[PDB]
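**Q** piece number one of the complex, untouched:
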Amino acid sequence: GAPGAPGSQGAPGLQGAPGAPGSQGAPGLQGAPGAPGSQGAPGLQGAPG
């Protein structure tokens, strides 16, 4: 008779899980903002009559 708990604390503190799925960090870039703009510059078109 004498000794008590053997300081054997064993339950995991906060249950591991170092996982960063999917989003993780900065997954594939968001949308590529389309760039419209002027088209074929016909400046000074054909000569009329």
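**A** Now that the structure is in, tell me what you want to look at. Residues are numbered from 1 along each chain as shown, chains lettered A, B, ... in the order given.

**Q** can we go C-alpha only for contacts and neighbour counts from here?
**A** OK.

**Q** if I look at residue A:37, how far off is residue A:45?
**A** Residue A:37 is 20 Å from residue A:45, where distance means C-alpha to C-alpha, to the nearest Å.

**Q** over to residue A:18?
**A** For residue A:18, the distance to residue A:45 - C-alpha to C-alpha - is 66 Å.

**Q** now residue A:31
**A** 38 Å.

**Q** now residue A:20
**A** 60 Å.

**Q** try residue A:7
**A** From residue A:7 to residue A:45 the distance is 93 Å (C-alpha to C-alpha).

**Q** chain A: helices as residue ranges?
**A** Ranges of helices in chain A, per DSSP state H: none exist.

**Q** can you pull out the strands in it?
**A** Read by DSSP state E, chain A holds no strands at all.

**Q** residue at max distance from the center of it?
**A** residue A:49 (61.5 Å; C-alpha atoms, centre = their mean).

**Q** roughly how far apart are that residue and residue A:27?
**A** 61 Å.

**Q** compute the number of surrounding residues for residue A:35.
**A** Neighbour count for residue A:35, taken as other C-alpha atoms under 10 Å: 5.

**Q** put this one in as chain B:
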Amino acid sequence: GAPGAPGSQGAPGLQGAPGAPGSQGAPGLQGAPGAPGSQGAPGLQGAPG
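**A** Next up, chain B placed on what we already have:
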């Protein structure tokens, strides 16, 4: 009497759950716009005045 080593038990090696804040953030601002089309001006020799 008090038996030693009764399994003190506890939370050894505290931990931390997973996570992943990588999720899509801010993409590029509006793509380069413009005025597509007849990017030109009056043509060539025409009805004189």
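
**Q** can you check the neighbour count of residue A:35 again with chain B included?
**A** As a burial measure, residue A:35 scores 10 neighbours (other C-alpha atoms under 10 Å in any protein chain shown).

**Q** surely it and residue B:31 touch.
**A** Yes. With contacts counted by C-alpha atoms under 8 Å, residue A:35 reaches residue B:31, the gap being 3.8 Å.

**Q** got a list of contacts for stretch A:1-12?
**A** B:1-15 (C-alpha atoms under 8 Å, 6 or more residues apart in numbering or on different chains).

**Q** among those, which one lies nearest to residue A:41?
**A** residue B:15 (64.6 Å; C-alpha to C-alpha).

**Q** what is the burial count for the closest one?
**A** 14.

**Q** check residue A:28 too.
**A** With other C-alpha under 10 Å as criterion, residue A:28 counts 11.

**Q** ok, the residue lying closest to it once chain neighbours are set aside - contacts?
**A** With C-alpha to C-alpha, 6 or more residues apart in numbering or on different chains as the criterion, residue A:28 has its nearest non-adjacent residue at 7.3 Å, and that residue is residue B:24. By C-alpha under 8 Å, 6+ apart, residue B:24 lies in contact with A:23, A:26, A:27, A:28, A:29, A:30.
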